[PDB]
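>>> sequence unknown, structure follows:
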């Protein structure tokens, strides 16, 4: 069965990059407006030193994730002013000048879908790359593939038209170059129609990036409820214990309130260090799709989308990255009659890299990618022994273009 | 989170001791909100916006291709860890020592040492 | 060094030495002081082992990436771009290092480049000659074909290209007379 | 695998002269394009 028709499909992969950075004050969340609470904290000051270096280690780790994913090139590339590409359309992935931000229409659509703590010492650290600096690196990668393909992130910039660039991508999967020229209008309409289906689908999934924010805000609201629990005492207020009880008979209750909060903070930091490993593993995995699928054409099966990958289009996303791969999946099939080899006057003719198919009254030769009925000549078949050693071989004449030239 | 010589109020906070300039250089010491500080021009600590690299426009057409001619050979260096050290910690030796009643209370937490 | 300071801490008691408390008080009344010292040390030991298990997962995860560079970059030519350094990788030379490993990759980065007029197809006697692995170039009047990474002027021959239909099937296509070295051999 | 073949002109290609190559031997090519035209 040889496919005789192909189509263009665009998939969607959601890979997280970083998350929100928090900072829990180890000296403010425990005590408050008391004097004797700071004296007992000095005995457990070694515990805050371990928790402070662990929380700061997660903050400095998220900044390194953005420098390894959204920082592959060192030169800022801009989009060409000429909107000529050969029937194809490119306007959704390019930043719109009418918008107040430097993002494209696709990045603004994904931002609409993605939809009080400092009073006790829970501040939020600001990220490094803002919403305007991430869009600059994404715009340079989209403008570099349309002008260089893959000769821009690992060497000098090399200009190349888009008409001849697409023909260099089918050679890695097996499709010949004559299919692009003879069917240029067909691919131009299927590529533009595939963008409209993804645009209308994302405007009406995206639950991977939203789940990360819900898990971070869930642990923040848990520590707020810990200030109301007595932890096996009678009150959770430092000013209430010293009021109803004398300071000589109050050290046995304040120590339980400080110890009860150390177990809650130790559990919080422990869970943040475990969740940081999943974010770090996802950041290193997203960097692989950026330097292989986007930068170049990877020949790995089921890696840059479901099907034969040709080109990628990375898009910006809040605390993540959205990829738009271009898969190549054939359609339909036709049954024929294959044959291992063809014998003529005792010579076993072997094909170069295809397979013989039969119309029914005649024999032909084509590839396993597209059905191309060609005349079996000597330029595609070569001898490599006799026909007696090959088990199971048919008999058919072989055309020789050299014979009519000599006459 | 403090609202605000050399007073500068940015999105990251309020740095007292840096003069704002109209130029733009590469990031050196990270501060926050895409702002980095350094020690340049006489030279003093100044605050400015970080640079994302040299902005250049790539020439694109429809009938011209760039073909290289000369090639060079470069050697890089990557550092990847393999393993670390191995340290064993004892239970009774670290907690207790030359005491008798110290080992009696440890029997209740003997499963934790295992 | 953190576990050493735990032996000198009191953890909300009166002393840190086990031999100092038993020398000043009685065991029936010293049970409330030793319990606070053991509890203060069990939390430090539990936190120490917890931090070691987290670092062990990072070393185990980094070992799979370090072993990948040995079997892909060193052993054989890795076809994965942007994986064995920066550029077209050829061969590597691994080196030993204390508590680590140092690799020496050999990349291939272009230097100078020029610009020439290209042509996606060449029409001769009504046949569209398509290149196999080369790219058509020009110098203003003549037309040549070179490679995608190295510049080598070569004449237009029939043994490097192939015909595929007529010329009315392409939007942008010029015309050029093919030399065809097979023609002088038959005359 | 070991698959011996006859030194022909269709399996090789010319590239400059012989003085540019440091190490190069000398051997007469069979040239199968001559018996086909005769």
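Nice, thanks for sending it over. Numbering: from 1, shown residues only, chains lettered A, B, ... in the order given.
>>> List, one by one, the residues from the stretch 251-400 of chain A near chain B.
Within the stretch 251-400 of chain A, no position is near chain B by C-beta under 8 Å from any C-beta of the partner chain. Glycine gets a C-beta too; all of them are placed from N, C-alpha and C.
>>> tell me, what residue is most central in chain B?
Most central in chain B under C-alpha atoms, centre = their mean is residue B:30, positioned 7.9 Å from the mean C-alpha point.
>>> how about that one, what does it touch?
By C-beta atoms under 8 Å, 6 or more residues apart in numbering or on different chains, the contact set of residue B:30 is A:63, A:128, B:36.
>>> What about those, which one has the most neighbours?
Counting neighbours by other C-beta atoms under 10 Å in any protein chain shown, residue A:128 leads the contacts of residue B:30 with 24 neighbours.
>>> That one - nearest residue in space that isn't next to it in sequence?
Nearest non-adjacent residue to residue A:128, counting by C-beta to C-beta, 6 or more residues apart in numbering or on different chains: residue A:63, 4.8 Å away.
>>> which is the next helix or strand following the helix or strand that contains that neighbour?
Using DSSP states H and E, residue A:63 maps to helix A:45-69. Following helix A:45-69 in sequence order, the next helix or strand is strand A:75-77 (DSSP H and E).
>>> is chain B contacted by that next one?
Yes - using C-beta under 8 Å from any C-beta, we find that strand A:75-77 touches chain B at A:75-77.
>>> what's the next secondary structure element after the helix or strand hosting the residue nearest to the centre of chain B?
Using DSSP H and E, residue B:30 sits in strand B:29-32. Using DSSP H and E, the helix or strand that follows strand B:29-32 towards the C-terminus is strand B:35-40.
>>> now that following strand, how far from the centre of its chain.
15 Å (C-alpha atoms, centre = their mean, to the nearest Å).
>>> Give me the sheet partners of it and which way each runs.
Strand B:35-40 has its sheet partners listed here by DSSP bridges as strand B:29-32 (antiparallel), strand B:44-51 (antiparallel).
>>> Which strands or helices does the longest helix along chain B pack on?
As assigned by DSSP state H, the longest helix anywhere in chain B is helix B:101-106. With contacts defined as 3 or more C-beta pairs under 8 Å, 6 or more residues apart in numbering or on different chains; DSSP states H and E, helix B:101-106 has these neighbours: helix B:92-95, helix C:27-69.
>>> List the buried residues for it?
Neighbour counts over helix B:101-106 (16 or more other C-beta atoms under 10 Å in any protein chain shown) mark B:102, B:105-106 as buried.
>>> Same check on stretch A:206-215?
For stretch A:206-215, a neighbour-count test (16+ other C-beta under 10 Å) marks A:209-210, A:212 as buried.
>>> got it, and stretch A:129-141?
Quick answer for stretch A:129-141 (16+ other C-beta under 10 Å): A:129, A:133-141.
>>> Excluding sequence neighbours, find me the nearest residue to residue 58.
All of this refers to chain A. Spatially, and ignoring its direct neighbours in sequence, residue A:58 is nearest to residue A:276 (5.0 Å; C-beta to C-beta, 6+ apart).
>>> wait, I meant chain B there
residue A:147 (4.8 Å).
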